[PDB]
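A.B. asks: Below is the file my_file.tsv, with TSV, C-alpha atoms and all ligand atoms.
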```tsv
chain	number	residue	atom	x	y	z
A	19	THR	CA	92.56	170.78	186.32
A	20	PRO	CA	94.95	172.52	183.92
A	21	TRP	CA	98.12	170.67	182.95
A	22	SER	CA	101.28	171.75	184.75
A	23	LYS	CA	104.72	172.17	183.22
A	24	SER	CA	106.10	169.19	185.13
A	25	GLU	CA	103.20	166.96	184.08
A	26	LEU	CA	103.88	167.86	180.43
A	27	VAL	CA	107.64	167.29	180.77
A	28	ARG	CA	106.98	163.81	182.14
A	29	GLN	CA	104.66	163.04	179.20
A	30	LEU	CA	107.29	164.26	176.76
A	31	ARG	CA	109.84	162.01	178.46
A	32	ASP	CA	107.37	159.08	178.22
A	33	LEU	CA	106.98	159.83	174.52
A	34	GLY	CA	110.76	159.62	174.01
A	35	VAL	CA	111.95	163.23	174.00
A	36	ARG	CA	115.46	163.23	175.47
A	37	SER	CA	117.75	166.03	176.59
A	38	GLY	CA	119.77	167.12	173.55
A	39	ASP	CA	117.04	166.32	171.01
A	40	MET	CA	116.27	168.65	168.11
A	41	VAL	CA	112.46	168.75	167.92
A	42	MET	CA	109.99	170.33	165.48
A	43	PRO	CA	106.53	170.67	167.09
A	44	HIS	CA	103.17	170.84	165.38
A	45	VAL	CA	100.51	171.63	167.98
A	46	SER	CA	96.74	171.78	168.36
A	47	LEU	CA	96.25	173.73	171.56
A	48	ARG	CA	92.56	172.74	171.56
A	49	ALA	CA	93.60	169.08	171.66
A	50	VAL	CA	96.09	169.80	174.46
A	51	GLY	CA	93.43	171.37	176.66
A	52	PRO	CA	93.75	173.91	179.46
A	53	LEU	CA	97.27	174.67	180.65
A	54	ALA	CA	98.39	176.08	184.02
A	55	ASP	CA	99.67	179.32	182.49
A	56	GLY	CA	98.26	179.04	178.98
A	57	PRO	CA	100.32	178.12	175.89
A	58	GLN	CA	103.55	179.30	177.55
A	59	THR	CA	103.28	176.29	179.89
A	60	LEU	CA	103.77	173.94	176.93
A	61	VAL	CA	106.56	176.09	175.42
A	62	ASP	CA	108.37	175.91	178.79
A	63	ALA	CA	107.89	172.13	178.98
A	64	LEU	CA	109.28	171.63	175.47
A	65	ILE	CA	112.36	173.68	176.33
A	66	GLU	CA	112.91	171.74	179.56
A	67	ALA	CA	112.35	168.46	177.71
A	68	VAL	CA	115.06	169.10	175.10
A	69	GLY	CA	117.47	170.51	177.70
A	70	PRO	CA	120.13	173.20	177.28
A	71	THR	CA	121.90	171.33	174.43
A	72	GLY	CA	118.65	170.49	172.60
A	73	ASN	CA	116.78	172.61	170.11
A	74	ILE	CA	113.25	173.60	169.06
A	75	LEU	CA	112.49	174.38	165.39
A	76	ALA	CA	109.07	175.66	164.32
A	77	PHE	CA	107.55	176.63	160.98
A	78	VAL	CA	105.94	179.98	161.90
A	79	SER	CA	105.68	181.90	158.57
A	80	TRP	CA	104.24	185.44	158.78
A	81	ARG	CA	100.72	186.68	159.53
A	82	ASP	CA	101.01	189.33	156.79
A	83	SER	CA	102.96	187.48	154.09
A	84	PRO	CA	101.94	188.99	150.70
A	85	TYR	CA	101.74	185.52	149.13
A	86	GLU	CA	98.35	185.56	147.41
A	87	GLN	CA	98.80	189.27	146.72
A	88	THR	CA	101.91	188.69	144.56
A	89	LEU	CA	101.46	185.07	143.39
A	90	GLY	CA	101.93	184.50	139.66
A	91	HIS	CA	103.45	187.92	138.89
A	92	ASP	CA	107.02	188.68	137.88
A	93	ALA	CA	106.96	191.67	140.28
A	94	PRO	CA	104.76	192.79	143.17
A	95	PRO	CA	101.69	194.62	141.87
A	96	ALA	CA	102.17	198.38	142.26
A	97	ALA	CA	99.71	198.97	145.09
A	98	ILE	CA	101.31	196.09	147.02
A	99	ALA	CA	104.85	197.19	146.15
A	100	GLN	CA	104.24	200.73	147.37
A	101	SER	CA	102.84	200.03	150.85
A	102	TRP	CA	103.35	196.45	152.08
A	103	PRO	CA	105.25	196.21	155.39
A	104	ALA	CA	108.80	194.96	155.12
A	105	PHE	CA	109.40	191.63	156.87
A	106	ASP	CA	111.25	192.46	160.10
A	107	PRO	CA	112.06	189.01	161.55
A	108	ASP	CA	112.31	190.03	165.19
A	109	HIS	CA	109.01	191.95	165.02
A	110	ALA	CA	106.78	189.96	162.60
A	111	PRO	CA	103.87	187.94	164.03
A	112	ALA	CA	103.54	184.26	163.18
A	113	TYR	CA	100.87	183.07	160.76
A	114	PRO	CA	98.01	182.02	163.10
A	115	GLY	CA	96.81	179.13	160.93
A	116	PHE	CA	100.00	177.10	161.51
A	117	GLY	CA	99.37	177.04	165.28
A	118	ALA	CA	98.72	179.70	167.94
A	119	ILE	CA	101.61	178.28	169.96
A	120	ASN	CA	104.00	179.66	167.36
A	121	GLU	CA	103.60	183.25	168.49
A	122	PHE	CA	104.75	182.08	171.95
A	123	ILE	CA	107.73	180.20	170.51
A	124	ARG	CA	108.90	183.11	168.37
A	125	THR	CA	108.65	185.67	171.19
A	126	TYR	CA	110.62	183.43	173.56
A	127	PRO	CA	113.83	185.18	174.72
A	128	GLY	CA	116.74	184.17	172.51
A	129	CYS	CA	114.53	182.72	169.78
A	130	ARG	CA	116.00	183.27	166.30
A	131	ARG	CA	113.97	183.88	163.14
A	132	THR	CA	114.77	183.00	159.52
A	133	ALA	CA	114.75	185.64	156.80
A	134	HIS	CA	112.31	183.98	154.38
A	135	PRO	CA	109.08	185.94	155.05
A	136	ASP	CA	106.66	183.27	153.80
A	137	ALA	CA	108.56	180.14	154.93
A	138	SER	CA	109.90	181.77	158.11
A	139	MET	CA	111.25	179.37	160.75
A	140	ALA	CA	111.85	180.07	164.43
A	141	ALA	CA	114.50	178.27	166.46
A	142	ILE	CA	115.52	178.07	170.14
A	143	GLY	CA	118.75	176.51	171.39
A	144	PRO	CA	122.51	176.44	170.70
A	145	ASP	CA	121.97	175.47	167.06
A	146	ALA	CA	119.30	178.15	166.46
A	147	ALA	CA	121.56	180.47	164.47
A	148	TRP	CA	122.78	177.58	162.33
A	149	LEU	CA	119.18	176.43	161.81
A	150	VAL	CA	117.69	179.77	160.73
A	151	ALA	CA	120.32	181.11	158.33
A	152	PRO	CA	120.66	180.98	155.41
A	153	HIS	CA	117.01	181.00	154.36
A	154	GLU	CA	116.98	182.46	150.84
A	155	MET	CA	114.07	183.20	148.60
A	156	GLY	CA	113.96	180.19	146.29
A	157	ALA	CA	114.89	177.77	149.14
A	158	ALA	CA	111.72	177.69	151.22
A	159	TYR	CA	111.66	174.01	152.32
A	160	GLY	CA	114.19	172.11	150.17
A	161	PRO	CA	117.99	171.98	150.15
A	162	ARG	CA	119.63	174.99	151.93
A	163	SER	CA	116.46	175.65	154.01
A	164	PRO	CA	116.29	175.30	157.81
A	165	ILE	CA	114.28	172.10	157.26
A	166	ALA	CA	117.17	170.66	155.24
A	167	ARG	CA	119.55	171.30	158.12
A	168	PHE	CA	117.06	169.87	160.61
A	169	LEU	CA	116.98	166.70	158.50
A	170	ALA	CA	120.79	166.52	158.62
A	171	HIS	CA	120.74	166.83	162.44
A	172	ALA	CA	118.59	163.83	163.50
A	173	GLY	CA	115.52	166.04	163.84
A	174	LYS	CA	112.40	164.63	165.46
A	175	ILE	CA	108.93	165.78	164.44
A	176	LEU	CA	106.63	166.17	167.46
A	177	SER	CA	102.96	166.15	166.43
A	178	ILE	CA	100.79	167.11	169.42
A	179	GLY	CA	97.16	166.58	168.40
A	180	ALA	CA	97.91	167.90	164.88
A	181	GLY	CA	96.64	166.28	161.68
A	182	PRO	CA	98.73	164.37	159.17
A	183	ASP	CA	98.66	167.39	156.83
A	184	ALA	CA	100.75	169.36	159.33
A	185	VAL	CA	104.15	167.84	158.59
A	186	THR	CA	106.03	170.72	157.00
A	187	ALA	CA	109.26	168.75	156.68
A	188	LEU	CA	107.63	166.63	153.96
A	189	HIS	CA	107.88	169.66	151.67
A	190	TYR	CA	111.59	168.74	151.53
A	191	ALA	CA	110.63	165.35	150.01
A	192	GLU	CA	108.58	167.17	147.37
A	193	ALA	CA	111.48	169.49	146.58
A	194	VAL	CA	113.99	166.74	145.84
A	195	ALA	CA	111.69	164.08	144.39
A	196	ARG	CA	112.74	163.16	140.84
A	197	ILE	CA	109.24	163.20	139.32
A	198	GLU	CA	107.66	164.84	136.30
A	199	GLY	CA	105.11	167.62	136.37
A	200	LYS	CA	106.19	169.34	139.60
A	201	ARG	CA	104.26	172.54	140.30
A	202	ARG	CA	106.10	175.81	140.84
A	203	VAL	CA	104.94	179.20	142.07
A	204	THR	CA	106.31	182.73	141.61
A	205	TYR	CA	105.87	185.33	144.32
A	206	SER	CA	107.45	188.42	145.83
A	207	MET	CA	108.48	189.19	149.39
A	208	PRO	CA	109.62	192.47	150.96
A	209	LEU	CA	112.85	191.88	152.89
A	210	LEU	CA	115.02	194.08	155.11
A	211	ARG	CA	118.67	194.18	154.03
A	212	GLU	CA	120.72	196.54	156.21
A	213	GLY	CA	117.54	198.27	157.31
A	214	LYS	CA	116.54	198.85	153.67
A	215	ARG	CA	113.33	197.39	152.28
A	216	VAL	CA	114.02	195.26	149.20
A	217	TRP	CA	111.45	193.38	147.09
A	218	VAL	CA	112.64	189.94	146.01
A	219	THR	CA	110.80	187.91	143.37
A	220	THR	CA	111.50	184.19	143.18
A	221	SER	CA	110.13	180.89	141.97
A	222	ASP	CA	109.96	177.81	144.19
A	223	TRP	CA	108.11	174.51	144.51
A	224	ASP	CA	104.37	174.86	145.18
A	225	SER	CA	103.94	174.16	148.89
A	226	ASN	CA	100.18	173.67	148.39
A	227	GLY	CA	100.62	170.45	146.41
A	228	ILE	CA	103.66	169.35	144.44
A	229	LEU	CA	101.55	167.85	141.60
A	230	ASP	CA	98.21	168.94	140.13
A	231	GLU	CA	96.31	166.00	141.64
A	232	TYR	CA	97.57	166.87	145.15
A	233	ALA	CA	96.76	170.59	144.92
A	234	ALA	CA	92.94	170.66	144.85
A	235	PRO	CA	91.86	172.81	147.82
A	236	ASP	CA	89.06	170.36	148.72
A	237	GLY	CA	91.22	167.23	148.77
A	238	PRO	CA	94.26	166.03	150.68
A	239	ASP	CA	97.69	167.27	149.61
A	240	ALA	CA	100.82	165.16	149.09
A	241	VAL	CA	102.01	165.82	152.65
A	242	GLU	CA	98.81	164.37	154.12
A	243	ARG	CA	98.78	161.43	151.68
A	244	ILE	CA	102.42	160.59	152.45
A	245	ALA	CA	102.07	161.11	156.19
A	246	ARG	CA	98.95	158.90	156.43
A	247	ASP	CA	100.62	156.12	154.43
A	248	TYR	CA	103.73	156.36	156.61
A	249	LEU	CA	101.79	156.35	159.89
A	250	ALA	CA	99.71	153.40	158.63
A	251	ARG	CA	102.94	151.42	158.14
A	252	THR	CA	105.43	152.52	160.80
A	253	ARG	CA	105.90	152.01	164.50
A	254	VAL	CA	106.06	155.50	166.01
A	255	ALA	CA	106.15	156.50	169.68
A	256	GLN	CA	102.59	157.51	170.58
A	257	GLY	CA	101.03	158.86	173.78
A	258	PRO	CA	99.46	161.92	175.42
A	259	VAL	CA	100.84	165.42	175.76
A	260	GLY	CA	98.30	167.21	177.84
A	261	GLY	CA	94.99	165.91	176.49
A	262	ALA	CA	96.36	165.51	172.93
A	263	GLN	CA	97.30	162.27	171.21
A	264	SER	CA	100.86	162.80	170.08
A	265	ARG	CA	103.50	161.22	167.86
A	266	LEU	CA	107.29	161.55	167.91
A	267	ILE	CA	108.49	160.93	164.33
A	268	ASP	CA	112.00	160.44	162.96
A	269	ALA	CA	112.14	163.29	160.45
A	270	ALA	CA	114.82	161.76	158.22
A	271	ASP	CA	112.83	158.52	158.08
A	272	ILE	CA	109.50	160.08	157.07
A	273	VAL	CA	111.16	162.31	154.46
A	274	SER	CA	113.05	159.33	153.00
A	275	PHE	CA	109.73	157.46	152.85
A	276	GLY	CA	108.10	160.45	151.13
A	277	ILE	CA	110.77	160.65	148.43
A	278	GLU	CA	110.26	156.94	147.79
A	279	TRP	CA	106.46	157.42	147.87
A	280	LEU	CA	106.52	160.17	145.24
A	281	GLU	CA	109.10	158.51	142.96
A	282	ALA	CA	107.23	155.19	143.04
A	283	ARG	CA	104.00	156.83	141.88
A	284	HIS	CA	105.22	159.30	139.25
A	285	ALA	CA	107.63	158.84	136.35
A	286	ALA	CA	110.93	160.71	136.26
B	1	LIG	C1	101.45	182.55	154.96
B	1	LIG	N1	101.38	182.32	153.49
B	1	LIG	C2	100.81	180.92	153.26
B	1	LIG	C3	101.73	180.24	152.27
B	1	LIG	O1	103.01	180.02	152.87
B	1	LIG	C4	101.17	178.88	151.84
B	1	LIG	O2	101.04	178.14	152.98
B	1	LIG	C5	101.36	176.69	152.90
B	1	LIG	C6	100.22	176.00	153.63
B	1	LIG	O3	98.97	176.22	152.98
B	1	LIG	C7	100.44	174.47	153.96
B	1	LIG	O4	99.59	174.11	155.02
B	1	LIG	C8	98.22	173.75	154.64
B	1	LIG	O5	98.31	172.91	153.28
B	1	LIG	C9	97.13	172.28	152.90
B	1	LIG	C10	96.91	171.95	151.41
B	1	LIG	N2	96.99	173.24	150.69
B	1	LIG	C11	95.99	172.05	153.95
B	1	LIG	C12	96.10	172.59	155.20
B	1	LIG	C13	97.62	173.11	155.63
B	1	LIG	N3	98.44	171.91	156.12
B	1	LIG	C14	101.86	174.12	154.51
B	1	LIG	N4	101.98	172.70	154.54
B	1	LIG	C15	102.96	174.86	153.66
B	1	LIG	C16	102.66	176.41	153.58
B	1	LIG	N5	103.75	177.13	152.88
B	1	LIG	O6	99.83	179.09	151.21
B	1	LIG	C17	98.90	179.62	152.22
B	1	LIG	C18	99.41	181.01	152.71
B	1	LIG	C19	98.38	181.55	153.77
B	1	LIG	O7	99.42	181.92	151.61
```
Will you turn the file into structure tokens for me?
Ligand SMILES: CN[C@@H]1[C@@H](O)[C@@H](O[C@@H]2[C@@H](O)[C@H](O[C@H]3OC(CN)=CC[C@H]3N)[C@@H](N)C[C@H]2N)OC[C@]1(C)O
C.D. replies:
Amino acid sequence: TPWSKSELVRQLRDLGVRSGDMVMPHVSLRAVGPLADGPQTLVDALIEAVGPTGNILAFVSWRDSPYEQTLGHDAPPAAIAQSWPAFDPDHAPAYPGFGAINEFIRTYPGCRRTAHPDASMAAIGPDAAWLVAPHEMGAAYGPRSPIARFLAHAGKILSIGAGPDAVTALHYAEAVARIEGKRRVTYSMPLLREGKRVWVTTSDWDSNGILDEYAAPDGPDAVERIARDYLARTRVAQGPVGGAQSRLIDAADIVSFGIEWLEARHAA
């Protein structure tokens, strides 16, 4: 019997979501199980749960981000530069690998979209415009990003059947951690500025592992390491949303822990 919107709202209330909250969801729809009207049922429940003064923030990225195609070059390679689609925030599909629910979030009426094509964030609520802009190339997840503003606004991270690697806000801890050997990446994104397509090349922190030892593709990254150590140590509201085991995490607290975690393990 598929979960109804009102059943999900009650479960979110049980978990500790309150009207007015600013929530960042990370969702496994397979863990959630069948929904009355598909993924939209959970989007609707999240919006009801946070109320008209609350907010939803999601890391949605872009299905067609030219990340690997431009990585490590000081300019987009010519064949990429000449034909890649410009990122059009109100028309760009979410990256499917960060959750199929994100395409439902970002197409929700009134949803806003940040201008960083690879780190793109989607936001719903009165603070959505303040959350999504600015989002400059060179500020993907650290200071001046939407995640930084989320962290300054008592954000809660809502993990709904998702693994400990799916805690994007921890990339803020990596950005500001005073440790040696931090990995950086250089890539190019095609933006729209006044309807004109403009290639921007930038460097930023490597979001696939802030240090070498965390960036092997067949091992856990720093986000997962930090998140597992935090969840092993911290009382966190836990309970079902649909069929999925869920956690409601204080975003400022886990990011503070992560900064401490990184700085304790690596010299300045
Ligand atoms: C759309 N462009 C993408 C580009 O943004 C970047 O995505 C990052 C992404 O992997 C990270 O998620 C995975 O991280 C790891 C360890 N590597 C294991 C499983 C995931 N939790 C996320 N935390 C931060 C993202 N920025 O690289 C891939 C890409 C497809 O090119």
A.B. asks: Segment 123-147 of chain A near segment 57-62 of chain A within 12 Å: what's each residue's closest atom pair and its distance in Å to one decimal, counting all atoms listed in the file, ordered by chain then ascending residue number, as CSV?
C.D. replies:
```
residue,atom,partner,partner_atom,distance
A:123,CA,A:61,CA,6.5
A:124,CA,A:61,CA,10.2
A:125,CA,A:58,CA,10.3
A:126,CA,A:61,CA,8.6
A:127,CA,A:62,CA,11.5
A:129,CA,A:61,CA,11.8
A:142,CA,A:61,CA,10.6
```
A.B. asks: Return the single residue from A:68, A:175, A:277, A:241 that is closest to ligand LIG 1 (chain B), with distances computed using only C-alpha atoms and all ligand atoms.
C.D. replies: A:241
A.B. asks: Quick one: which chain A residues come within 10 Å of ligand LIG 1 (chain B), and what is the nearest atom pair for each with the distance in Å to one decimal, counting all atoms listed in the file, rows ordered by chain and ascending number, as JSON lines?
C.D. replies:
```
{"residue": "A:77", "atom": "CA", "partner": "B:LIG1", "partner_atom": "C15", "distance": 8.8}
{"residue": "A:78", "atom": "CA", "partner": "B:LIG1", "partner_atom": "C1", "distance": 8.7}
{"residue": "A:79", "atom": "CA", "partner": "B:LIG1", "partner_atom": "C1", "distance": 5.6}
{"residue": "A:80", "atom": "CA", "partner": "B:LIG1", "partner_atom": "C1", "distance": 5.5}
{"residue": "A:81", "atom": "CA", "partner": "B:LIG1", "partner_atom": "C1", "distance": 6.2}
{"residue": "A:82", "atom": "CA", "partner": "B:LIG1", "partner_atom": "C1", "distance": 7.0}
{"residue": "A:83", "atom": "CA", "partner": "B:LIG1", "partner_atom": "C1", "distance": 5.2}
{"residue": "A:84", "atom": "CA", "partner": "B:LIG1", "partner_atom": "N1", "distance": 7.3}
{"residue": "A:85", "atom": "CA", "partner": "B:LIG1", "partner_atom": "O7", "distance": 4.9}
{"residue": "A:86", "atom": "CA", "partner": "B:LIG1", "partner_atom": "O7", "distance": 5.7}
{"residue": "A:87", "atom": "CA", "partner": "B:LIG1", "partner_atom": "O7", "distance": 8.8}
{"residue": "A:89", "atom": "CA", "partner": "B:LIG1", "partner_atom": "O7", "distance": 9.0}
{"residue": "A:112", "atom": "CA", "partner": "B:LIG1", "partner_atom": "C1", "distance": 8.7}
{"residue": "A:113", "atom": "CA", "partner": "B:LIG1", "partner_atom": "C1", "distance": 5.9}
{"residue": "A:114", "atom": "CA", "partner": "B:LIG1", "partner_atom": "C1", "distance": 8.9}
{"residue": "A:115", "atom": "CA", "partner": "B:LIG1", "partner_atom": "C19", "distance": 7.7}
{"residue": "A:116", "atom": "CA", "partner": "B:LIG1", "partner_atom": "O4", "distance": 7.2}
{"residue": "A:135", "atom": "CA", "partner": "B:LIG1", "partner_atom": "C1", "distance": 8.3}
{"residue": "A:136", "atom": "CA", "partner": "B:LIG1", "partner_atom": "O1", "distance": 5.0}
{"residue": "A:137", "atom": "CA", "partner": "B:LIG1", "partner_atom": "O1", "distance": 5.9}
{"residue": "A:138", "atom": "CA", "partner": "B:LIG1", "partner_atom": "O1", "distance": 8.8}
{"residue": "A:158", "atom": "CA", "partner": "B:LIG1", "partner_atom": "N5", "distance": 8.2}
{"residue": "A:159", "atom": "CA", "partner": "B:LIG1", "partner_atom": "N5", "distance": 8.5}
{"residue": "A:180", "atom": "CA", "partner": "B:LIG1", "partner_atom": "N3", "distance": 9.6}
{"residue": "A:181", "atom": "CA", "partner": "B:LIG1", "partner_atom": "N3", "distance": 8.1}
{"residue": "A:182", "atom": "CA", "partner": "B:LIG1", "partner_atom": "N3", "distance": 8.1}
{"residue": "A:183", "atom": "CA", "partner": "B:LIG1", "partner_atom": "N3", "distance": 4.6}
{"residue": "A:184", "atom": "CA", "partner": "B:LIG1", "partner_atom": "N3", "distance": 4.7}
{"residue": "A:185", "atom": "CA", "partner": "B:LIG1", "partner_atom": "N4", "distance": 6.7}
{"residue": "A:186", "atom": "CA", "partner": "B:LIG1", "partner_atom": "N4", "distance": 5.1}
{"residue": "A:187", "atom": "CA", "partner": "B:LIG1", "partner_atom": "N4", "distance": 8.6}
{"residue": "A:188", "atom": "CA", "partner": "B:LIG1", "partner_atom": "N4", "distance": 8.3}
{"residue": "A:189", "atom": "CA", "partner": "B:LIG1", "partner_atom": "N4", "distance": 7.2}
{"residue": "A:223", "atom": "CA", "partner": "B:LIG1", "partner_atom": "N5", "distance": 9.8}
{"residue": "A:224", "atom": "CA", "partner": "B:LIG1", "partner_atom": "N5", "distance": 8.1}
{"residue": "A:225", "atom": "CA", "partner": "B:LIG1", "partner_atom": "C15", "distance": 4.9}
{"residue": "A:226", "atom": "CA", "partner": "B:LIG1", "partner_atom": "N2", "distance": 4.0}
{"residue": "A:227", "atom": "CA", "partner": "B:LIG1", "partner_atom": "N2", "distance": 6.3}
{"residue": "A:228", "atom": "CA", "partner": "B:LIG1", "partner_atom": "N2", "distance": 9.9}
{"residue": "A:232", "atom": "CA", "partner": "B:LIG1", "partner_atom": "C10", "distance": 8.1}
{"residue": "A:233", "atom": "CA", "partner": "B:LIG1", "partner_atom": "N2", "distance": 6.4}
{"residue": "A:234", "atom": "CA", "partner": "B:LIG1", "partner_atom": "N2", "distance": 7.6}
{"residue": "A:235", "atom": "CA", "partner": "B:LIG1", "partner_atom": "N2", "distance": 5.9}
{"residue": "A:236", "atom": "CA", "partner": "B:LIG1", "partner_atom": "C10", "distance": 8.4}
{"residue": "A:237", "atom": "CA", "partner": "B:LIG1", "partner_atom": "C10", "distance": 7.9}
{"residue": "A:238", "atom": "CA", "partner": "B:LIG1", "partner_atom": "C10", "distance": 6.5}
{"residue": "A:239", "atom": "CA", "partner": "B:LIG1", "partner_atom": "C10", "distance": 5.1}
{"residue": "A:240", "atom": "CA", "partner": "B:LIG1", "partner_atom": "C10", "distance": 8.2}
{"residue": "A:241", "atom": "CA", "partner": "B:LIG1", "partner_atom": "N4", "distance": 7.1}
{"residue": "A:242", "atom": "CA", "partner": "B:LIG1", "partner_atom": "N3", "distance": 7.8}
```
A.B. asks: Could you check the closest approach to residue 101 of chain A for each of A:149, A:31, A:178, A:215 and tell me which residue wins, using all atoms listed in the file?
C.D. replies: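 Looking only at the distances to residue 101 of chain A, the closest residue turns out to be A:215.
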A.B. asks: Report, in Å with one decimal, the straight-line distance from atom CA of residue 146 of chain A to atom CA of residue 128 of chain A.
C.D. replies: 8.9 Å
A.B. asks: Write out as a list in words which residues come within 7 Å of segment 217-219 of chain A when counting all atoms listed in the file, dropping same-chain ones fewer than 3 positions away.
C.D. replies: residues 92, 93, 205, 206, 207, 208 and 209 of chain A
A.B. asks: For atom CA of residue 262 of chain A and atom CA of residue 172 of chain A, quote the distance in Å rounded to one decimal.
C.D. replies: 24.2 Å
A.B. asks: Atom CA of residue 259 of chain A to atom CA of residue 246 of chain A: how many Å, to one decimal?
C.D. replies: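 Value for the atom CA of residue 259 of chain A-atom CA of residue 246 of chain A distance: 20.5 Å.
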A.B. asks: Tell me which protein, DNA and RNA residues are within 7 Å of residue 117 of chain A, counting only C-alpha atoms, leaving out same-chain ones fewer than 3 positions away, and put them as a list in words.
C.D. replies: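 Selected residues are residues 45, 46, 114 and 120 of chain A.
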A.B. asks: Using all atoms listed in the file, which of A:250, A:165, A:229, A:96 sits nearest residue 202 of chain A?
C.D. replies: A:229
A.B. asks: Please provide as a PyMOL selection string all residues within 9 Å of residue 210 of chain A, with the sequence filter that same-chain residues fewer than 2 positions apart are discarded (counting all atoms listed in the file).
C.D. replies: chain A and resi 104-107+133+208+212-217
A.B. asks: Tell me which protein, DNA and RNA residues are within 12 Å of residue 267 of chain A, counting all atoms listed in the file, leaving out same-chain ones fewer than 4 positions away, and put them as a PyMOL selection string.
C.D. replies: chain A and resi 33-35+40-44+169+172-178+182+185+187-188+245+248-249+252-256+271-273
A.B. asks: Output the selection as a compact mmCIF listing (two decimals), keeping the file's coordinate frame - C-alpha atoms for each residue.
C.D. replies:
```
# COMPACT_ATOMS: atom_id res chain seq x y z
CA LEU A 33 106.98 159.83 174.52
CA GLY A 34 110.76 159.62 174.01
CA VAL A 35 111.95 163.23 174.00
CA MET A 40 116.27 168.65 168.11
CA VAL A 41 112.46 168.75 167.92
CA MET A 42 109.99 170.33 165.48
CA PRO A 43 106.53 170.67 167.09
CA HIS A 44 103.17 170.84 165.38
CA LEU A 169 116.98 166.70 158.50
CA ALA A 172 118.59 163.83 163.50
CA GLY A 173 115.52 166.04 163.84
CA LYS A 174 112.40 164.63 165.46
CA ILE A 175 108.93 165.78 164.44
CA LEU A 176 106.63 166.17 167.46
CA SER A 177 102.96 166.15 166.43
CA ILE A 178 100.79 167.11 169.42
CA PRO A 182 98.73 164.37 159.17
CA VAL A 185 104.15 167.84 158.59
CA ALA A 187 109.26 168.75 156.68
CA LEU A 188 107.63 166.63 153.96
CA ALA A 245 102.07 161.11 156.19
CA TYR A 248 103.73 156.36 156.61
CA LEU A 249 101.79 156.35 159.89
CA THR A 252 105.43 152.52 160.80
CA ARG A 253 105.90 152.01 164.50
CA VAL A 254 106.06 155.50 166.01
CA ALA A 255 106.15 156.50 169.68
CA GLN A 256 102.59 157.51 170.58
CA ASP A 271 112.83 158.52 158.08
CA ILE A 272 109.50 160.08 157.07
CA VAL A 273 111.16 162.31 154.46
```
A.B. asks: Kindly indicate which residue among A:94, A:160, A:199, A:144 lies nearest to residue 281 of chain A, using all atoms listed in the file for the distances.
C.D. replies: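 The shortest atom-to-atom distance to residue 281 of chain A comes from A:199.
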A.B. asks: Around the point (110.6, 159.3, 138.1), in the coordinates given by the file, pick out the residues reaching within 9 Å, counting only C-alpha atoms, and return them as a PDB file with C-alpha atoms, in the coordinates of the input.
C.D. replies:
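The result, stored in selection-v4.pdb:
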```pdb
ATOM      1  CA  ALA A 195     111.690 164.080 144.390  1.00  0.00           C
ATOM      2  CA  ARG A 196     112.740 163.160 140.840  1.00  0.00           C
ATOM      3  CA  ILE A 197     109.240 163.200 139.320  1.00  0.00           C
ATOM      4  CA  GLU A 198     107.660 164.840 136.300  1.00  0.00           C
ATOM      5  CA  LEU A 280     106.520 160.170 145.240  1.00  0.00           C
ATOM      6  CA  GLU A 281     109.100 158.510 142.960  1.00  0.00           C
ATOM      7  CA  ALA A 282     107.230 155.190 143.040  1.00  0.00           C
ATOM      8  CA  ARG A 283     104.000 156.830 141.880  1.00  0.00           C
ATOM      9  CA  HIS A 284     105.220 159.300 139.250  1.00  0.00           C
ATOM     10  CA  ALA A 285     107.630 158.840 136.350  1.00  0.00           C
ATOM     11  CA  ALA A 286     110.930 160.710 136.260  1.00  0.00           C
TER      12      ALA A 286
END
```
